[PDB]
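**Student:** I'd like to ask some things about the structure below.
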Ligand SMILES: NC(=O)c1ccc[n+]([C@@H]2O[C@H](COP(=O)([O-])OP(=O)(O)OC[C@H]3O[C@@H](n4cnc5c(N)ncnc54)[C@H](OP(=O)(O)O)[C@@H]3O)[C@@H](O)[C@H]2O)c1
Ligand SMILES: NC(=O)c1ccc[n+]([C@@H]2O[C@H](COP(=O)([O-])OP(=O)(O)OC[C@H]3O[C@@H](n4cnc5c(N)ncnc54)[C@H](OP(=O)(O)O)[C@@H]3O)[C@@H](O)[C@H]2O)c1
Ligand SMILES: NC(=O)c1ccc[n+]([C@@H]2O[C@H](COP(=O)([O-])OP(=O)(O)OC[C@H]3O[C@@H](n4cnc5c(N)ncnc54)[C@H](OP(=O)(O)O)[C@@H]3O)[C@@H](O)[C@H]2O)c1
Ligand SMILES: NC(=O)c1ccc[n+]([C@@H]2O[C@H](COP(=O)([O-])OP(=O)(O)OC[C@H]3O[C@@H](n4cnc5c(N)ncnc54)[C@H](OP(=O)(O)O)[C@@H]3O)[C@@H](O)[C@H]2O)c1
C-alpha cells in the first residue's frame, strides 16, 4: 500500500512516517492538498476538521481518510497525536470504511461539499432576498444575511451557528436554514437528501465548505452527488458526537 | 366495503354519509372512537389532528384514515368540508395508502404514539432532572420542565413549541428536545428511529400524543413499534407542509 | 446589632456564628425562615438562590441579606464558605446596601416576587391560552404551557430557560416570555417595570418565585411593589454576572 | 416656520406641499439627505424607516422628524399617505417632541447611530473572533459572523434577526448580540446605556445603521452620545409596537 500524509504543521510527521513504516506502508508527504492525492490507497490527515475539508476539495473519487486531530473538536478525526499509533494500526489492518454523501451545486459544477453550500450576501451588512424551492415546490421566501443548505455532517458547522439542530452522522438529510432571517417567525427545515434543492438570490456569493466560491445571480440547484467522502470507520462516532458538540467554540 | 365516520361535533356528517353511500360504502357513525374501529375497511375522521390522534389510540392494526379538517392546520387531514366530496371519491376509488411509524414506551407498552412521548414534571412549576441515553450511550442530562421524544410527524407539535426543527413527513427519525431547559447551551438532537431511546427521571409523568398518561419513576425505553398509522395517500403532503407550519398558532 | 442565620443544612454554621460574634453581633439560628426575621438588623443566608427566595417570601420590610453560597451559581449570594469570613466582616463594617424591586400579583396580593410571576397550566401536558395586556393595550395572545412575567433579577431563572435574554441586575424592567409557545413566530418582550401587566387565562395556576402558588381563572395584574429586596452591596455583581450565567446548569 | 421635505420617490409630494402651505409653513424640497437639513424647524420624511436612518446620518443636532410611511412596517413613522394630512396638522400645531438616544463609535468619530453599530467580518463566510468588554470587564469572547451593539430602537432591526428580544422604545438600553455564534451556548445581554462598550476584532468592518462603514482592527468603543434622534411625539408608539413587530419581513 501507498499512503499520502497531508499536514499543515510538521510537529508529529516523523512519528507518523515511522508508524507507517512499521506497518510496511509506502509514504508520500504533502503540505498542501492536490488532486494527486487520488493516486493513493489511503490518506493520513494531520490537522483538524478544516484540514479534511480542504483535502476533500481536491478529491472526486475519495481514498479513505484517517484524521489525526491537532485542531479542536475533531468531528471528522479518528485520533489525537497521543493515541494515533494504536489507532492508525487498527485502522489500516482492519481497513473498514465509512461513507458520507457530498453535494454539488450548479454554479460550481466540479466542486463538492461535505458540510454545506452557503448562499450569502456579497456585501456584509447587506441582506439578500432568498427564495427556496424543493422538488419544484415553493417552500419559503425570506430576507436574510444568507441561507445554508447543509448535510447532516454539516449540522454541526455553520448550520449549527445559525441555530440548527444536531443531526447524527448516519441519518442522511439536508438542513435548510437562514442566517439572520429578518422575520418574526422562522424554522430550520429537515428534508430527504434525495430531493433537489433550488435557491434563488440576486447579488449573492455561493460557498462550498467555506473553501471554493463564486458570485452568482438567480437560480442554483443543490443535489446529492455520486462522490461521497470516505473515511476509515470510526466505531465510536455516534458516542463521541454529543460530548464533542457540547465543547464547540 | 364498510366505513366508520368518527366526529366530535355533528359537522357535515349527513353530507359525508351521503357521499359514502353514493360510493356504495356502508356507514356507521361514532361520537367517540373505540377498538370497534378495527372492524372497518376505512375510517373517515371529522375534526382536527387531535381527533385523528384519538382514533389512532384505539387501533393496533389501522384501517386507512381519511381526515376532514374542521380544526386548525390539519397536517393529518386530507380535505376541508368545503371540498371533501371530491378528494373522498378520489381516495376510495384509487385506495392508495401511506404509512407513518408509531412508537411505544415501556411505561405504557400497549399505547402507541404518532407524534411523541413526553416526559414532564408531575407538578407544574417544578423542574425534573432528565437523563437521556440512545442505544446505551449517555447523550445528555438536563434540568427541565420536561423532555420530548418525537417522530418526524410530531416535529410540528409539542417539539415545535419547544424550539424544534420542521422535519418533512417522509424522513423517518426521532427529535429529542427539552422543554424549558435550565442550561446555558442546549440543542435538539435528530437521530435514526431505528435506535432505542432511554429516559430516566423521578417524580414524573409520561404522556403519549397528549392523550394517555401515567406516573413513572426511573427508566423508560421508547422504540419503533410494528403498527404504523395508515392514511390514504395525500399527494400534496410535502408541498402543503410549508404553508401549514407558517399558519401554526 | 443582632443577626439571624438562616440555613437549610447545618453548613458552616458554627463558624459563621463565631465570625458574627467576633464582630460584636448577637446571633439566632433559623432552620426555616419566618416573619420573625424582620426583627433583626441583618440576615445571613446559608444556601443557594432558592434559600434567599424563601427568606424573602417572609419579609415585607427587608433587613439586608448576606448570602453564603452552598448551592450552585448564587447570583444572589456574596461569598463562598471558603471565603465568607472576609467579605462578611467587610460588609457589616461598611454596611452599604443595595435594593432590587419586587412585584406582586392580584391573585396573591400579599406575596412578593423578586424573580418572576409565572402563569402555568394547572395540568402538566396541557396548553393554556394566555392573553397579555400592558397598561391596557393587548400585546399578545398565545397558546403555551405557561407564561412568565419576570424582573431583570429573574431573567437568569425560569425566563432564561424559556429562551429569554440576560439582563444586568441594575436595569429595571419586566421580561415577558412564553413557555413552549405553540406558534410559528414569537419574541420575548422587555418593558418598563413602571407599567401594569395583565394576564388572562383559565384553568391555571400562578406561582411566585417558584414558592407560593394558587389556582386562578380570569385576569390578574402584576405590578411593582413598594417593598424591594435589600442585600448588602456586591461590588462585583455586574462583572460576576457573565461567568455565573455561562456556568448555568 | 420652515420645513424640509425629504423624499425617495415623488408620488405624494404635491399633496404634502399643499398641506404645509395650508399650515402656513415654508417648504424646501430635497431628494437626498444633506447637512443643510439642520437649518430647518422640522423635517418631513417620505419613504420608510430606512429613509429616516439616512436623514439621521446627516444630522448632529436634530430637528423634529415627521415620517410618512410608504415603506413597510414603519416603526419610526407617524402616518401613511392615506391619513398624513390629519396627522401632520396635529403634529405641527401641538409641536410636542420625543427623543431617542444615538450612539457613537470611536472608529467613526462623527457618525451617529439610532439602531446599532455592527462589527462584521470583512469577508462573507468568514468568522471573526470577537472579544466584548463593558466598563472594563471581560464579558465574552466568541467566534461569529459578527456582533451587534443595538439601542432599544434597534431591537427590532438586525438584533431582532440575530435572535434578540423586542424592547419597547421608552426603555433605554443596549442589546449585545452575536450573528451566527459558533458556540454550544450563548445569550443576548441587555445592559444600561450609561455603560461604555468595547469590541475587539481583527479583520473587521464596523457599520453604523447599515449606512456608514470603515474597516478596522482591534479595539472600538461604543457609547451613548449627546445628540439624540428627535421625532414628533407619536402617542400610539407603544401600542403599535407589537402589531408592527409581528408583521416584520
Ligand atoms: N459558524 C459560523 O458562523 C461559520 C461561518 C463560516 C463557516 N463555518 C464552517 O466552517 C467550514 C469551513 O470553514 P472556513 O474555512 O470558513 O473556516 P474553518 O476555520 O476551516 O472552520 C471554522 C470552524 O469550524 C469547524 N468545523 C468544520 N467542519 C465542522 C463540522 N462539520 N462540525 C463541527 N465543526 C466543524 C472547524 O474545525 P477545526 O478547528 O477542527 O478545523 C473550525 O473550528 C464550513 O464548512 C462551515 O461549516 C462556520
Ligand atoms: N405545544 C405545546 O405547548 C403542547 C403541549 C401539549 C401538547 N401539545 C401537542 O398536542 C398534541 C395533542 O395533545 P393535547 O391533547 O394536549 O392537545 P390537542 O388540543 O389535542 O392538540 C393541540 C394542538 O396541536 C395540534 N396538533 C396535534 N398534532 C399536531 C402535529 N403533529 N403537528 C402540528 N400540530 C398538531 C392540534 O391541531 P388541531 O387544532 O387540528 O386539532 C391542536 O391545535 C400532542 O401530541 C402534542 O404534539 C403541544
Ligand atoms: N428553568 C425552569 O425550567 C424553571 C422551572 C421552575 C422554576 N424555575 C426557577 O426556580 C426559581 C425557584 O423555583 P423552585 O423553587 O421551583 O426551584 P429551586 O430549586 O428553588 O431553584 C431552581 C434553580 O434555579 C436557581 N435560581 C433561582 N433564582 C435564580 C436566578 N434568578 N438566576 C439564576 N438562577 C436562579 C436555583 O439556584 P440555587 O441552586 O443556588 O438554589 C436553583 O438551582 C423560580 O423563581 C424560577 O426562576 C425555573
Ligand atoms: N436583519 C438583518 O439580517 C439586517 C442586516 C443588515 C441591516 N439590518 C438593519 O437595517 C438597517 C439599515 O439598513 P440597510 O441600509 O442595510 O438596509 P435597509 O434596506 O435600509 O433596511 C432593511 C429593513 O430594515 C427595516 N428597519 C430599519 N430600521 C428598523 C427598525 N429599527 N426596526 C424594525 N425594522 C427596521 C427597514 O424598514 P423600511 O423598509 O421601512 O425602510 C427595512 O425593511 C440597520 O440599521 C439594521 O438594523 C438588518
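Yeah, the Cβs are placed from backbone N, Cα and C, and that goes for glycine too.
As annotated in Swiss-Prot:
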ACT_SITE  A:49  active site, proton acceptor
BINDING   A:49-50, A:54, A:115-116, A:126, A:143, A:145, A:153, A:156-161, A:180, A:211  NAD(+) binding site
**Student:** Calculate the distance in Å between the alpha carbons (Cα) of residue A:159 (NAD(+) binding site) and residue A:49 (active site, proton acceptor), and round it to a whole number.
**Tutor:** 16
**Student:** When each of the recorded positions A:49, A:115, A:143, A:156, A:159, A:180 is checked against chain D, which show a C-beta distance below 8 angstroms?
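**Tutor:** Out of A:49, A:115, A:143, A:156, A:159, A:180, A:143, A:180 lie under 8 Å of chain D.
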**Student:** Under a criterion of Cβ-Cβ distance under 8 Å and sequence separation of at least 6, what residues of the same chain contact residue A:143 (NAD(+) binding site)?
**Tutor:** A:127, A:128, A:129, A:130, A:181, A:182, A:183
**Student:** Which of the three DSSP states, helix, strand or coil, fits residue A:115 (NAD(+) binding site)?
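**Tutor:** In three-state terms, residue A:115 (NAD(+) binding site) counts as coil.
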**Student:** Measure the Cβ-based neighbour count of residue A:180 (NAD(+) binding site), defined as the other Cβ atoms within 10 Å of its Cβ.
**Tutor:** 23
**Student:** Filtering A:49, A:143, A:156, A:159 (recorded positions) by proximity to ligand 4: which pass a Cβ cutoff of under 6 Å to any of its atoms?
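**Tutor:** Correct list: empty, so none.
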**Student:** Listed recorded positions are A:49, A:143, A:159, A:180; which sit with C-beta under 6 angstroms of ligand 1?
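**Tutor:** Checked recorded positions vs ligand 1; flagged A:49.
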**Student:** Counting only residues 6+ away in sequence within the same chain, which have a CB under 8 Å from the CB of residue A:49 (active site, proton acceptor)?
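**Tutor:** Expected: A:67, A:71, A:72, A:73, A:74, A:75, A:76, A:77.
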**Student:** Could you say whether, by DSSP, residue A:159 (NAD(+) binding site) belongs to a helix, a strand or a coil region?
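**Tutor:** Going by the DSSP assignment, residue A:159 (NAD(+) binding site) falls within a helical segment, counted as helix.
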**Student:** Report the same-chain neighbours of residue A:156 (NAD(+) binding site): residues 6+ apart in sequence with Cβ closer than 8 Å to its Cβ, ordered by sequence.
**Tutor:** A:73, A:75, A:166, A:244, A:245, A:248
